[PDB]
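Participant: Take this structure first; my questions come after.
Bear in mind these aren't lab numbers, they're just calculated from the coordinates by the rules spelled out. We place every Cβ from the backbone using ideal geometry, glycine too, and count neighbours over all the protein chains shown.
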RNA sequence: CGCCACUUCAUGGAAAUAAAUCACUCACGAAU
């Protein structure tokens, strides 16, 4: 599991687009804990429980931790945008619709290993991209 | 099936807790905010919790018998109320009602609740003086920590063994021999295979007439007394459950405030410049008694400051 | 030393939600957090911020910057595992002539939470049945399975042990001095402000403690009142008689303070209502305006007596003078914030439910600021100043009409709700001085001075001795 | 005495740190 520089570029662009990393090139410090906790939750509980926990918006958290799910969605869409025609025969190279619940998407698409590897790689890339920058 | 865990008719408790817990049933809907609070979701999680908490363990279990055959004679202690929590930090949470929101340490292969040997080793080392690392941050609390723990350990050693005086350097050497198998400076002592102190994983051995798992509540009332508290539900090991503590301990020889090997100590004995004043011995039985006293004093697991994880003699 | 061992005595039963286990006792998960606050408060001589600086200096805190937690371990274990199990309800009911030897009943209590456990429901612990004899007595049956599956039980234990361990010797010595006062000043359980969970320290490290509970209560509480409760006891004997009389008295006296007593030729006005009429703003019951507004839509409210409007021997009016209007506020909120009010419409299957929700969604609950302590069969009513945050805050009332469906060919069918029946409500009346808003001035010491000095027919309604006013 | 319930269901911190990072022997031998 090697994180390519293109995945890290996707992570940086997604983190900027979802208003986690401001124009000052700083981020709220709680988001590194959010990303680490999501990484641990995926491997301990599972993809569905972790995404459900991190995707809800009625939480009593300091910051908008539901934005890491949007960052994941953007990274996965960017990765699927560069799937070759040969990949598209085995791999579902279809953009996640957006405005769609990510948990709903994963439930509807079975529980294929493809989504699990994609989300694991995207979470690691998000972690590294956040480590590229500075806490507020 | 529901009770008497066994190897022929059971579901893996860890599997039930982690992978099968949030199984997608035809009509459950804990994705939505409305469905997370619904009675259907609460009933689903109640049924799952009842399945998890319905298993008991017999004393004559082939699983625990195999553990005894592999790791040696267990040290048997009992859990008192409220019980025992381990692995509390493992992520098990979605935001639903009736759900277990704290992690639990389950053996992967057997599914039995267990305390990993690293937890036991750390809990035993915590009451030895030389467990806090000499760091810039820890420098301000290092001296008091060492003083308190060294007095406690000195009293425990005098109580357990027939040693009349033990010095601070002797306590340092003994702790580093037990937990690091090394000199306090970092050097190595040429030890035999049987001269290693091993801390195996503790296991649940007997539930007797009840189940070995139960559900408990912590309700943190906030700093604002006018706002509603949040109930948190978690999984605990029931009171009066036998815990088997497996160790592999050797005899530690101390000559002139340094730790000696067995061949070293025999060679020193045959020397004519040998005195019994500066030779000290603590045997495996005495080490086990000392560990037992430490465990009965501080307990093991999570939330031990508020009574969770306190142990009693069988 | 490093280990502090104490033996605790129980004066009133504790309502435990984990009664199922035979080892169930006082939970250290609520004793240690409260004891940490108590010790820090006494370390700073009445304040908590200087006390934590004292513990910060002495390295007694687990974290020096975040919390109040002190570095010690708490372990509460039962010595002898035999319990006395109590059923605590608010309604009197006949006693079954078939019970386990440890089953006891507290009949008239301030614990209105398991009222469904006595009645017709098949899930009830005691099943009430009309007498096969003259239809006046009622028969009670003990359902053992329903008893086992009850959420909260009243448990009283023989003397048990609280064990405190810390390698910090100086912390233990301070805990020793404050531990007896902590148990005299705090109650534990699910109704602890009403008297459930009274424990006292008897032996500390095998040394008997001589602690004056009256003096201990004086230092820690702003006012302390003691009740001259007759004992009779036959001759000691029944603790159930003593328990039932004490808890019946507490409910009667508290219900005289908040709301009133309406049973016989006897009627006692709410002393809280009486207090607010006698002060300058001259606030009146929010219950007055709800009753007025519900009567406005021609709902026949049950009762032959018009709502009271003042203090005098009788002021039985349905109207509020004429030139101005009576000044209204949420009176009983400062003495315990309820969730809904029922008003018992005329037809004996329908009633009005008014629901309080708080406009800003900022006040969800309010614990009673009054603490009832029962030490050695003596009732002590203590307290401090109320939370000033509750004063002057808005509340939204949802008026709901509820008619209990006339049974079914199954069971009761109370899903026949009704939309919020239309009422002319106020928005910002009298410059936010209305029955929506809690009063802007209240002192508990002033209120309790008025309450225990209040006389009807030359006798104090609440017969209490003013130990500290 | 009769009747009767509603409410709340996780946040914050720690997310790797240090020791060892190649060592010794042979570095051409014999015949031509």
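Participant: Since residue C:22 meets every condition but one in (1) part of a loop (DSSP other than H, G, I, E, B); (2) more than 10 Å from chain B (Cβ to nearest Cβ); (3) under 21 Å from residue B:304 (Cα atoms), which condition does it not meet?
Facilitator: That leaves (2) as the condition not met.
Participant: Would you confirm whether any residue within segment C:86-98 is within 12 Å of another protein chain (Cβ to nearest Cβ) and part of a loop (DSSP other than H, G, I, E, B)?
Facilitator: no
Participant: If you don't mind, another one. Being assigned to a helix (DSSP H, G or I) and free of Cβ contacts under 8 Å to residues at least 60 places away in the same chain is the filter here, so list the residues in segment A:1-36 that pass it.
Facilitator: Result: A:5, A:9, A:16, A:17, A:30, A:33, A:34.
Participant: Considering each of C:168, C:174 in turn, give the residue that is within 14 Å of chain B (Cβ to nearest Cβ), out of contact with any strand residue (DSSP E or B) (no Cβ under 8 Å at 6 or more places or on another chain), more than 16 Å from RNA strand D (Cβ to nearest atom) and under 20 Å from residue C:72 (Cβ atoms).
Facilitator: C:168
Participant: Please determine, by comparing only the residues of segment A:56-77 that are more than 14 Å from residue A:123 (Cα to Cα) and in contact with a helix residue (DSSP H, G or I) (Cβ under 7 Å, 6 or more places away or on another chain), which one is surrounded by the fewest Cβ atoms within 10 Å (Cβ to Cβ).
Facilitator: Checked segment A:56-77; the qualifying residue surrounded by the fewest Cβ atoms within 10 Å (Cβ to Cβ) is A:58.
Participant: Which strands (runs of 3 or more DSSP E) does segment B:224-306 wholly contain that include 3 or more residues that are within 16 Å of RNA strand D (Cβ to nearest atom), within 14 Å of another protein chain (Cβ to nearest Cβ) and in contact (Cβ under 8 Å) with a residue 40 or more places away in the chain?
Facilitator: B:232-237
Participant: Also, quick follow-up: If you go through segment C:40-71, how many residues are within 31 Å of the chain's Cα centre (by Cα) and not in a helix (DSSP H, G or I)?
Facilitator: The qualifying residues number 9.
Participant: Could you tell me which of the residues C:331, C:363 is in contact with a helix residue (DSSP H, G or I) (Cβ under 8 Å, 6 or more places away or on another chain) and away from RNA strand D (no atom under 16 Å from the Cβ)?
Facilitator: C:331 is the lone residue from the list that is in contact with a helix residue (DSSP H, G or I) (Cβ under 8 Å, 6 or more places away or on another chain) and away from RNA strand D (no atom under 16 Å from the Cβ).
Participant: Does residue C:6 fit the bill of being under 30 Å from residue B:155 (Cα atoms) and within 14 Å of chain B (Cβ to nearest Cβ)?
Facilitator: no
Participant: Output the residues belonging to segment B:97-135 that are without any contact (Cβ under 8 Å) to a residue 12 or more places away in the chain and within 29 Å of residue B:233 (Cβ to Cβ).
Facilitator: B:109, B:122
Participant: Tell me, which helices (runs of 4 or more DSSP H) lie completely within segment A:37-136 with 3 or more residues that are touching a residue at least 24 places away in the same chain (Cβ under 8 Å) and out of contact with any strand residue (DSSP E or B) (no Cβ under 8 Å at 6 or more places or on another chain)?
Facilitator: A:47-55, A:67-81, A:102-108, A:113-131
Participant: If I go through segment B:202-223 residue by residue, how many of them are part of a loop (DSSP other than H, G, I, E, B) and under 22 Å from residue B:123 (Cβ atoms)?
Facilitator: 1
Participant: While we're looking at this one, here's another question. Looking at segment B:18-33, which of its residues are surrounded by fewer than 16 Cβ atoms within 10 Å (Cβ to Cβ) and within 12 Å of RNA strand D (Cβ to nearest atom)?
Facilitator: B:33
Participant: Report whether or not residue A:24 is surrounded by fewer than 21 Cβ atoms within 10 Å (Cβ to Cβ) and within 16 Å of RNA strand D (Cβ to nearest atom).
Facilitator: When the stated conditions are applied, residue A:24 does not pass them.
Participant: Determine whether segment B:1-10 contains at least one residue that is out of contact with any strand residue (DSSP E or B) (no Cβ under 8 Å at 6 or more places or on another chain), within 14 Å of another protein chain (Cβ to nearest Cβ), exposed (fewer than 15 other Cβ atoms within 10 Å of the Cβ) and closer than 25 Å to residue B:92 by Cβ.
Facilitator: no
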